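Shown next as structure tokens: one chain only, the form deposited in one PDB entry.
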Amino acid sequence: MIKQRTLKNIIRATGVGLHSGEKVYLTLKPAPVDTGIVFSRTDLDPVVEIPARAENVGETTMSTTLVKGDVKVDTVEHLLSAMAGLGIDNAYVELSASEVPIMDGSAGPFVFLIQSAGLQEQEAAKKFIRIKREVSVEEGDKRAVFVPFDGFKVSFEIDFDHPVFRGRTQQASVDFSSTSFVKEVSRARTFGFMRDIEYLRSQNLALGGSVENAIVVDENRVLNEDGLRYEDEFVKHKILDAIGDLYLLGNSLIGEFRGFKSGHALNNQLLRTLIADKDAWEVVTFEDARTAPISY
């Protein structure tokens, strides 16, 4: 059978919060079967735990935030994307502050942490959510969709008209039958436009931002000295974001996500909308891995 997975060992890293600019200690720890991913604010007294579930998401305008009462964990999506991509079902995530460190702006550093810790198979069937009916949400011209698909696929389109994006592909369709999350998605960095970053900084936000952890673009150019890591890095980062935001479902997906100019807010709305309609999905397990449309 396809088994649940956790970490073999505890592993640590340090970094700064993109939004807060605050140095933070990050710890990833093994967890028992059926735990899911649970964040813990170990700086607080008492320590506060927040399960990484769609219903615990708070504000989403900037990054995906988990909340419990007055306690938050900001910017969970890049770490969760790595968890999702490597098939980690169960883990504790300990933080010394209210924001996951931004690291290099991608999921690469978290893939390295997970691969370094090692993967541990557990004696329980891994549960998948299979999309049975297409479900969609929209806001203005933005749209996010789950579509039935025998496998796991993420498609995305962005539609920037600024000169810097002219001629760029702005679309990608990743079928993970034949695409490596690690090699072809995980290192795509977050990005921002100068005018937007200036606005944030003017308000004493984005205090951890630097050209070392974000792609900076203006109307016409990519400003980073060495340009892009992937030819289509922008849309690949939107896919990275979607994979992490989607993992708040708490299980891997059998289906296709399609995003059109969408972000964290529609991603979470899509999850809550899916969860609420039991005719649109079912939980499946695979007693024979060979019969599965996916592979970890």
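Rigid core here is just the name for the largest C-alpha set that superposes within 1.5 Å across the two forms. All residue numbers refer to positions in the sequence shown, first residue = 1.
Below, we refer to the form deposited in another entry, which is not included among the displayed structures.
In the overlay on the core between the shown form and the other one, a shift of 2 Å or more in CA position is seen for a single residue of 171, 210, 116, 178, which is 178.
Distance between the C-alpha atoms of residue 178 and residue 80: shorter by at least 3 Å in the other form than in the displayed form. In the other form, the Cα-Cα separation between residue 178 and residue 214 shrinks by 3 Å or more relative to the displayed conformation.
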